[PDB]
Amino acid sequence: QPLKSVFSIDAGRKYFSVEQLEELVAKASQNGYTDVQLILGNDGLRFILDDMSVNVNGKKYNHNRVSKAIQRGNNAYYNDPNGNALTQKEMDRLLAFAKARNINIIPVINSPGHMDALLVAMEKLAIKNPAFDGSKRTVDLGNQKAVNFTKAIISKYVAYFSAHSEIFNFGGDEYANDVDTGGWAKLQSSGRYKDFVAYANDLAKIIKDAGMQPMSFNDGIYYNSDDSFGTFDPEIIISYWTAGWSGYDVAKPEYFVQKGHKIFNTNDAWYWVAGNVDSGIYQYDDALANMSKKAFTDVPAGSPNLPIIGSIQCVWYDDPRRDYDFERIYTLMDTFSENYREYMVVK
């Protein structure tokens, strides 16, 4: 079939204003992308609904307390001079802007990793020890009260985006990676990986019950190519970004296809970490060069011609103090769409 083409922006670590996201959506539409992936929960949680109240664990937390707790969590992660969080009015505006330009929005609200702000929020809300021991970024899957609170928050974003979006990305990457890269391996040996399987399946059910398709990054799903801790819901679309490395033993793409998962090719050959121009990881020059080397359908370490549903080109703000660099973002988007034009139909 025709394939989707997605531009992904990391607006969780770094605050983006509403008109900046509109300009990105306009560029994506101009260039023939079908979707924009708007990362909003990723270390920071930079979108707050008008009603964040939750009833969980037999307790009620009103909107005032939850919203204020999240705002403090954002400032604890990175008190961005440009802003803290987008509002619901702003997001309604952005979603209408995308709809008028034939662009679907894929939200990302990350858990159980990449949730510094929500962890601090839970601590302010009197939930004891929400973080996994040693981490400031990952929730403890052994802490049922913290996990259930997290699920209740995610559910609120699922409900909101269900009127607008087709896919909801719950993230699921890089467990406890502020400590080291061994988080998934340690969850497996400790036994808690069974509870990660259940958590992912619980979020998948929440998403499906709201009428959307769930998506996650690949690295923690069937880590070590091991299904003996439990099976994952095959309706979880796998955003496949890494084939792993030494001590980071992730399932190959074909493993997921054999189990019936769809693959969204998120090849990290296309990644750009903003501010890494000619030094560091995921450099600008390399991203551009790799857009004329990789096929649109080339998934890291995949057997040739595994089916995919589309591809995702990502810009990250690993260090959110780096400036906006829309000039480079737009060159990356221009180069991606020009090299992959036959898959990205425009007038």
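Don't overthink the numbering: it's just position in the shown sequence, from 1.
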- Query: According to the deposited model, is the average Cα temperature factor higher in 213-221 or in 240-248?
  - Reply: 240-248
- Task: Averaging the C-alpha B factors as listed in the entry, name the stretch that ends up higher: 288-296 or 39-47.
- Result: 288-296
- Message: Sorting 312, 56, 308, 315 by Cα temperature factor from the record, which one lands on top?
- Response: 56
- Task: Name the one of 228, 169, 135, 111 with the greatest CA B-factor according to the PDB entry.
- Result: 135
- State the tercile, meaning the lowest, middle or highest third, of residue 10 with respect to the CA B-factors recorded for its chain. lowest
- Against its chain's modelled residues, does residue 262's Cα B factor rank lowest, middle or highest third? lowest
- Item | residue 185 CA temperature factor, ranked by third within the chain | middle
- Message: Where does the C-alpha B-factor of residue 157 rank in its chain, lowest, middle or highest third?
- Response: middle
- Once the chain's modelled residues are ordered by C-alpha B factor and cut into thirds, is residue 17 in the lowest, middle or highest one? middle
